[PDB]
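*Asks:* Protein chains in written order, with the authors' numbering: chain Cf, 1 to 157; chain CC, 302 to 393; chain CQ, 2 to 63; chain CE, 16 to 243; chain CF, 24 to 252; chain Ce, 1 to 132; chain CT, 107 to 159. Just dropping this structure here.
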Amino acid sequence: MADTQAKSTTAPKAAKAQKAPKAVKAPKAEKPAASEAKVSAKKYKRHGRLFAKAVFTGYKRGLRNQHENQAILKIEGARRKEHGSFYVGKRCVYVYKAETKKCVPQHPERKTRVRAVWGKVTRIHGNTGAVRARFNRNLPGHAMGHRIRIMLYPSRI
Amino acid sequence: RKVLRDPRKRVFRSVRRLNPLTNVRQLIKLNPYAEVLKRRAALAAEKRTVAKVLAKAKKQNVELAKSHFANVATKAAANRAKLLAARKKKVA
Amino acid sequence: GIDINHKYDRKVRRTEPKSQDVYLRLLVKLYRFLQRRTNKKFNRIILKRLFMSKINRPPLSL
Amino acid sequence: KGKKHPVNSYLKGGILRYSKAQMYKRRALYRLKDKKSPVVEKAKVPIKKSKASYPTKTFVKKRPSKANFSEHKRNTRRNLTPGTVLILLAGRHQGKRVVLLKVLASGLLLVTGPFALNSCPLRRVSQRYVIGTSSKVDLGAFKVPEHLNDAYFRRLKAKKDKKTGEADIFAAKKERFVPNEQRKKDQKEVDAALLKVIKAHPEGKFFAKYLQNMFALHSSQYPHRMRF
Amino acid sequence: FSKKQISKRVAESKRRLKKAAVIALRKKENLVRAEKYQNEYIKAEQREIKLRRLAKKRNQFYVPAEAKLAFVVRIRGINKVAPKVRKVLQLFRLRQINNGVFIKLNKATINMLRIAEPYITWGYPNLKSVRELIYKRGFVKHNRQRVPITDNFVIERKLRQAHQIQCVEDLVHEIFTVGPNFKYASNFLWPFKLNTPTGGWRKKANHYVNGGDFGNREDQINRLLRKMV
Amino acid sequence: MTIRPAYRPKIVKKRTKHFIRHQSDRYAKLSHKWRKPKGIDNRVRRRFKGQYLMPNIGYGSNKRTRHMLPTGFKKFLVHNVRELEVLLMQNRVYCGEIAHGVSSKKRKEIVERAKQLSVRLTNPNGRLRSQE
Amino acid sequence: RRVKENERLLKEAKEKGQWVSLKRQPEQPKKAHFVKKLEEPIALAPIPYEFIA
RNA sequence: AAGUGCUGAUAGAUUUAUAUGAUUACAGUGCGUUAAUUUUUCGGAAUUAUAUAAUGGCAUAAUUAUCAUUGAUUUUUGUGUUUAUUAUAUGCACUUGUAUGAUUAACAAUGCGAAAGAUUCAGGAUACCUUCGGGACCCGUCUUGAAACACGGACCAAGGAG
RNA sequence: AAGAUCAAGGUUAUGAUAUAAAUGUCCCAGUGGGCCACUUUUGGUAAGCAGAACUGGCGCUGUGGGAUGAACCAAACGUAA
RNA sequence: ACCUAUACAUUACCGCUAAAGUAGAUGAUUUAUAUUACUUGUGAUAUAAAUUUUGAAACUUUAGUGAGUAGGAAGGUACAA
């Protein structure tokens, strides 16, 4: 059965497309002889694609140590540790509202009544698909149950 | 200056260990026998890739020209070259 | 939970003579160059023997 | 005309090379030239050549010793195979899908919409910006970006102003925008061949009339179980 | 001609060749001696396997030679520790939590490990584990100071008088096999200081029988130890 | 402008906030000038969380960033012209910082000399003045 | 008793050429032990009814 | 149990390497020994054909220790046969090749130093304001222990005690 | 019986270690009011009581944990990722 | 499976301790070359280029560790003369 798992595990890699190996079926289903090698999952919620609909609803804390340099981020579509592992790597942005300008020409020219704080996603916080995130600034925590936004850049293949 | 033994240098340069099993170089620099085994089981990986061609080939036709087959073809060329050895070696 | 970096790590013995004497330290500097450069223990202890307090240095009679 | 190895890259310490070099091994024929020559000349007629002591003479400005050149190891791509139709998840062409034409020496991607459909130019984008979707356009028909190289799209020119040389200039040249005729011609030929292959596949989100639409992972849809 | 640079620059090319050549000859000595010990290690696994095979076929139970050589790693304090055990821990050199030394399994040692039990988890270390520890984690005691390794040459460095020992791997042979110079070899290593393994059970201060950790868990340490490095 | 002293690693000011002395915000008699709490009741001395920070050595800056002004130039208290002339060779580690007791007539000479030597002055606008 | 024994072992070993090893080593985890039935296979487990006040 | 093969992510990356100290080592590639077979079928690439040393595996022999002798295992040594594997006999030139023991930079984009003047970018619990989380009980003191429903001290300046 | 002279001795004759250890001066401060817990115990019905034995803390110790807390648990705190 | 102390691992950085060198400059050392000697290849010398004027009662270089009342020592800071 350790051998059978090894044989079964050749098959999805085969399908991917390629390196061109093993077939040893796997279902995507009609199949001529397969309900075999299983119905997904799943585990959802959404957005996804500019921005995972994401929640900054916390900081990574000790019971009473606030430790804000990393944040807990709940990705809506990620129930599971596997799903949140897709988001491991992605760049994040929190876009938020200001009364007062500030920033003039370098890239665009932003009328900076709209401010953006840019961050990257890191490792998988959750038993239930919450993820850690580092941001270049760090998010003020006035952002709590505020919608934060995760673009799918950097995606690996 | 007539009795004068030894001045020389070193500034004593400060620590960080290269761990070999993430480091190519430090595996060989220190010891070897990893190195010896390295070749044999790399060869083993190639051998198992060759049998996977043959298993796919018998069933389906298949082809056979170059992607999987270039390991088969070179493997077969090393056995025809080794066979050339056994008749030629016979007291030199 | 260092079991145990207690004591003593302050040790004992003078690196350099406890003296303002500009002459005395020149001899120390001279024999200190002669120590490792020429091996031999005569350089090693005379360097030390200049460090010596006035007590432990008591006058040798003719 | 040769002799090689080192399959050390798999192993990762090891051989083939040492062992075969021994089988071949000489024990004879060790004779050499390899002429050096300087050109430090006091060639004096009167012609008198030198150079003297320029200066490395202590205007002590402490300037940081140049950290020299890391290796050009060829940027191993992810299985983004040209032509995979892939998403630009980022920067003006945000959520527009485009087809891959090539791998260049800078590491990064050549992307064209095709242009005429989904408004994306001969435009280059990071390997990381991209989710590489399973959908494949036959990339065999193309003129290939053998002709489009790093230099080609490198800008002709951000002068700081009016061509020439120090004319005390004025606010605004064309940092992004004319456009150039050479670049138009390059697009239109490549895009035309794109359109022929792309029309074979039926309408919807992203190949031909399929191309136009602007992406939807619609509310209640999933970036994680989308096996793109 | 003699004391001045005329002879000193000659003592560049005379001795750049000499030093480099003897370093090269000792590299060949390093390779041969290293290959030899790996033949011994692989053979050592086969002897055990074959003894078991031959016995069971003849109906006979050959119960295989009781294990030498333990690795001891510190789970506990120093603070809130009884003084008998505090003293025993200093002598082992185990100064801080998750610092670990190799300790020769003797009738002498095993009694100190017993009073040290809630304070220590110990087991029989596999050769992989000893090799992972010395190359990444293994420092040297040279006049107090805790000094790299990684060089063969710096292990030849002292232990060549304990012949056949000129390599990083040859030190681990000596530890592993409980070779006669084990006292000095074990001493030469300054206690390897090791992160934490992997989900290391809440109950902590219970004998391994009770699901604890702490104990001679025997062969099950190999899983633990490999992860902790 | 003025060319910065000798390639520094970025100056970590590591704790920036003036240590302020315990209860200076309680009392105007207790001066912001730090005085260590020796006293048996101190929650500060036993370093409970949330009782500020006591100057502990580990806030200590790198011995490379020691003294450097962030435009590089370490402070040399320049009494006059001859004093300025010391830092002629040492442009790239030191700045002339005109002592407050120095009159304008001499300051004009100091500033003028400073431009010749090309050594930074931190304060020129010192004592200037729409005045006689 | 040790001096006299050490001198005997030394002499005996030297006349055997090699080797001495006269220093006392405490009881080590011993040996590959073969148990032959003989005199019959084992087995018997144990216990318990241990009530009885 | 095998670096057999391999991917992602995270944080770090002192680099004054001549303050008064190293830059050395290896590897690739080219050079000029040949042949044969094979693959691509162009450029090339691999394996086989030597001597030396070591090692494993076969057979044989001796010792020494051991489980028991049917048969095995050990340490040591020698010998014969064949085969595989590995190292040495592989120098010199060049090299943005690997490391050189804190090896972050190839490559590139952007802001911009735009004379004085001065834009733009980055960065900051100065004072202090704001917004969010978490933490912060009153010091001095005698006392086992002080936030104490223990004692002095409204507040501030200056004299003021080893 | 000592002092002891002379000749003989394969491997120094349990095991880890040594943060180097030993030794002297100051006659140095501070202390001479302890408190608590495992275990062992005496007086007392008992006590957050009076008093020992061994050992650790607290005294001089926060931090994390026991919601809380001088002392129990885990752990001894340069500054940060 | 997950969460998490100033604990634990690594790294930069502070300090303290440790451990080592540093002190031919009418000289030394590196680099390139021309000449000469020997030899394949090295040194000598000439020339050109470059580095080096060290609070050597400190620096360069290194590693291990840091609670702390009473108290002790060490080194500064401020104030008047």
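For each residue, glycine too, the CB sits at the ideal point set by N, CA and C.
1) In terms of residues, what are the limits of the beta strand (DSSP E) holding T144 (chain CF)?
2) Taking 8 Å as the CB-CB limit, is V141 (chain CT) close to chain CF?
3) If you compare alpha carbons, which of CE:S24, CE:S234, CE:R32, CE:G155 is closest to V205 (chain CE)?
4) With a Cβ-Cβ cutoff of 8 Å, do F222 (chain CE) and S150 (chain CE) count as a contact?
5) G161 (chain CF) and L117 (chain CF): beta carbons closer than 8 Å?
6) Is the CB of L114 (chain CF) under 8 Å away from at least one CB in chain CQ?
7) Determine the DSSP secondary structure at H230 (chain CF), reduced to helix, strand or coil.
8) Please name the residue in CE:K76, CE:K16, CE:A120 whose C-alpha comes closest to that of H87 (chain CE).
9) Applying the 10 Å Cβ sphere with the 16-neighbour rule, what's the burial state of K142 (chain CT)?
10) Using a Cβ cut-off of 9 Å, pull out every chain CE residue sitting near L384 (chain CC), in sequence order please.
11) If contacts are defined as beta-carbon pairs under 8 Å, then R120 (chain Ce) and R107 (chain Ce) qualify, I think. What distance do you get, rounded to the angstrom?
12) Which residues in chain CE have a C-beta closer than 8 Å to the C-beta of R340 (chain CC)? List them in chain order.
13) May I ask you to report which of helix, strand or coil DSSP gives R149 (chain Cf)?
14) Mind checking whether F237 (chain CF) and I143 (chain CF) have CB atoms under 8 Å apart?
15) Which of the three DSSP states is assigned to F84 (chain CE) in this structure?
16) What are the complete beta strand (DSSP E) segments, minimum 3 residues, inside the region 124-180 of chain CF?
17) Three or more C-beta pairs closer than 8 Å, one from the region 127-144 of chain Cf and one from the region 71-84 of chain Cf: is that the case here?
18) Would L74 (chain CF) and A138 (chain CT) be called neighbours here (beta carbons separated by less than 8 Å)?
19) Determine, using beta carbons only, whether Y237 (chain CE) and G48 (chain Cf) come nearer to each other than 8 Å.
20) Counting along the chain, where does the alpha helix (DSSP H) carrying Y167 (chain CE) start and finish?
21) Can you round the beta-carbon distance between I30 (chain CE) and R340 (chain CC) to whole angstroms, since I take them to be within the 8 Å contact cut?
22) Pull up the distance between the alpha-carbon of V117 (chain Cf) and that of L152 (chain Cf), whole angstroms please.
23) Using 10 angstroms around the beta-carbon of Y9 (chain CQ), count the other beta-carbons present and answer buried if the total reaches 16, otherwise exposed.
24) Tell me, please, whether the CB atom of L217 (chain CF) is closer than 8 Å to any CB atom in chain CQ?
25) Below 7 Å on C-beta distance, what does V177 (chain CF) contact in chain CC?
26) Mind checking if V304 (chain CC) is an interface residue toward chain CQ, Cβ cutoff 8 Å exclusive?
27) Quick check on the burial criterion: 16 or more other C-beta atoms within 10 angstroms. Buried or exposed for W145 (chain CF)?
28) The alpha helix (DSSP H) that contains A78 (chain CF), what's its start and end?
29) Which two residues bound the contiguous beta strand (DSSP E) that contains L116 (chain CE)?
30) Does any residue of chain CE bring its CB to less than 8 Å from the CB of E364 (chain CC)?
31) Please identify, using Cβ separations under 9 Å, the residues of the region 2-23 of chain Cf that lie next to chain CC, in order along the chain.
32) Any beta carbon from chain Cf within less than 8 Å of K353 (chain CC)'s own beta carbon?
33) Where do the ends of the beta strand (DSSP E) carrying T128 (chain Cf) lie?
34) Three Cβ pairs or more, each shorter than 8 Å: is that satisfied between the region 114-128 of chain CE and the region 152-170 of chain CE?
35) Using a Cβ-Cβ cut-off of less than 7 Å, list which residues of the region 144-173 of chain CF approach chain CC; keep chain order.
36) Taking only beta-carbon atoms, is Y7 (chain Ce) less than 8 Å away from chain CE?
*Replies:* So, to answer that:
1) 143-146
2) yes
3) CE:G155
4) yes
5) no
6) no
7) coil
8) CE:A120
9) exposed
10) The premise fails here: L384 (chain CC) is roughly 17 Å from chain CE at the closest Cβ pair, so nothing lies under 9 Å.
11) Going by Cβ atoms, the distance from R120 (chain Ce) to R107 (chain Ce) rounds to 15 Å, so no, they are not a contact pair.
12) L26, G29, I30, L31
13) strand
14) yes
15) coil
16) 143-146, 162-164
17) yes
18) yes
19) yes
20) 165-168
21) 5 Å
22) 16 Å
23) exposed
24) no
25) The premise fails here: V177 (chain CF) is roughly 10 Å from chain CC at the closest Cβ pair, so nothing lies under 7 Å.
26) yes
27) buried
28) 33-80
29) 111-118
30) no
31) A20, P21, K22, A23
32) yes
33) Here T128 (chain Cf) belongs to no beta strand (DSSP E), and DSSP marks it neither H nor E.
34) yes
35) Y158, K159, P171, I172, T173
36) yes
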